[PDB]
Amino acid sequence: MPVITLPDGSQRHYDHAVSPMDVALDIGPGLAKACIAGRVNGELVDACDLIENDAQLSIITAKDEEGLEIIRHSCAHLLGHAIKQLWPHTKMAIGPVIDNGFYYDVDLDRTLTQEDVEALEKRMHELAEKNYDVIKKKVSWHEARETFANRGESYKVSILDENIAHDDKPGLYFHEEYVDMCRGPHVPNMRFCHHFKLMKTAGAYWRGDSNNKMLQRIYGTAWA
């Protein structure tokens, strides 16, 4: 039965767990439509994450710096969604947000031409414009590993095997048939990710080790 306190001092008493989106809807339709994520007791969370106990809550929107970062991060997921359609055998490594954009390191047997990059961006726009919901599932380390093993995503499996504690609960983000793993937050729906562009590509050794495979780094940027 969490008591949720908003920035303006208002307090809402609930007798069940509620998500930032649930509370936003209670405040008004406009705020719910603008909601991208939330900050609960100082921590950024997805709009769908349940708040079990008393908490200070604030709603993150595209007007927030945090919202812009989340939009950029979801555009990295969008790149994965699109590239896995164009070249299904592609393996996804790491795709973080960077100052003014994002990038995604990938393993594909096709040395990307500028035409390939343009085709990838075109598919990204088509997918984002479908305005599909992003579905999040908090899972065990073991379920996360099985999910990526079943997809043949060896780099994601490697991150779980050597970089994520077994007691950690990875966040899985489902973008239609595509799935990625992240601390997030991510956008609740791709309608927030219509403004982006892919830029250049470069090379980067997996884990920065020249004994490992040279991956292709695809850079992009996004804005509200």
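Residue numbers here begin at 1 and follow the sequence given.
Legend: mean Cα B-factor per stretch from the PDB entry, 8-16 versus 211-219; the higher mean is in 8-16. A summary of the deposited B-factors shows that, of 171-179 and 26-34, the stretch with the larger mean C-alpha value is 26-34.
Sorting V134, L78, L120, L108 by the CA temperature factor given in the entry leaves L108 at the top.
Within the selection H186, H195, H166, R191, the deposited Cα B-factor values reach their highest point at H166.
When the CA B factors of the chain's modelled residues are split into thirds, the value for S158 lands in the lowest one. Residue-level temperature factors show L112 in the highest third of its chain, judged at the C-alpha atom. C48: CA B factor lies in the middle third for its chain, per the PDB record. The PDB entry assigns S140 a C-alpha temperature factor belonging to the highest third of its chain's modelled residues. Remark: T147 belongs to the middle third of its chain, ranked by C-alpha B-factor as recorded.
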